[PDB]
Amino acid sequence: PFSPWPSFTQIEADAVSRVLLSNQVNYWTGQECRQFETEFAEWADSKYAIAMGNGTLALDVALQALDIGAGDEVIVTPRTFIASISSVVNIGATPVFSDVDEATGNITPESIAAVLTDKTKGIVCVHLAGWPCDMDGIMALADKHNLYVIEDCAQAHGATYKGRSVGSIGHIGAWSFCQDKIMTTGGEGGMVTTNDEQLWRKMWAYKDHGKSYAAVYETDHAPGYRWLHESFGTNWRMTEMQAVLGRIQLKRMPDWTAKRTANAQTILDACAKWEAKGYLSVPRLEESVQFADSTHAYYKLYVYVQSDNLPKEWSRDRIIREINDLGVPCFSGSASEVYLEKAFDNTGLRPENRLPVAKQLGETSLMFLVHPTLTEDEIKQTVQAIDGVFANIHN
């Protein structure tokens, strides 16, 4: 197999062992989560961060703080992991699907505007695979129509939009550190970021059974039982062992982004000849007029077949099989039409017509791995498999 992702180091194993043997294992008995919060906020260009159990709970707590619920429409992408949509359903709101950009796979200002109604309250925009959304256009639309924006940053650690971290631009950023993500806190983890003090206080309470931050930290208490629960909430906390991994990985992020970026550019460079021959489309953020001064996180590397130009005996799926047969990982990538899941049967939530760009990218995507442990030889194998298979197509 190729070099693993995730790939935990002895430093990380020693850190979790130390946290465990300290017995200071909980948000309320140690300081690892609290220091991870302040370090993550600084790293993500945000005033506030809160450590969460996972990226789904991060979306959930953001929707809770924004008072999104029954009768509110929230614009969502069809091209993502289901949590980016089901979080909206689970709070009782109505997800409404926008189509995506043919180059980036993200929802766009134009496709969001097309599905806005007088009931739209929110947008959950996903920075898919690490390519940032057009946040100037999305925030302009949100200002015009009085909408709240949640940036789903689960695939986008290290991405920037015109000089600032993703997750710092919308009202709230939601983050995952699940097992194969760019940051990976020991099996699960998440985070929210915000610049709004009131949204921070609301999310902080909600993930801690409705403990008021003001009651805990900003109030003088008599000895004995303390009355802290000033609203209803739940347990969406992270452990100390997950947090110490997060803190370690923040310090690695420049290295990790640089390695992902180098791996991606080697693969995109090799795909260019097959774009010239008409078999691939190879969108590159660094060559985009509209994503000047932005950076791609490179969670995963997408290119797209030009189906019309493949011989009849070839297809996207056959290319995946042939690259896999040469020992190189290759996938169809993200779900592109999550609304086709049976969860949407009889809900009235499925678009009445399939979203054409989302449908096309589901059919055309080829997805490659670029994670930081991949060796020069593994990236060479990747390039050689692409050249081998497309040379077979070309003859």
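Residue numbers here begin at 1 and follow the sequence given.
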item: Entry-level comparison of average CA B-factors, 270-278 and 283-291, reporting the higher stretch; value: 283-291
item: Of 90-98 and 215-223, the one with larger mean CA B-factor; value: 215-223
item: Member of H209, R164, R252, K300 with the greatest C-alpha B factor (per the PDB record); value: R164
item: Among modelled residues of the same chain, the CA temperature factor third for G69; value: highest
item: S22 - which third its CA temperature factor falls in, relative to the rest of the chain; value: middle
item: Third of the chain's Cα B-factor distribution that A335 belongs to, per the entry; value: middle
item: Position of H229 among the chain's modelled residues by C-alpha B-factor, lowest, middle or highest third; value: middle
item: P4 by Cα B-factor - lowest, middle or highest third of the modelled chain; value: middle
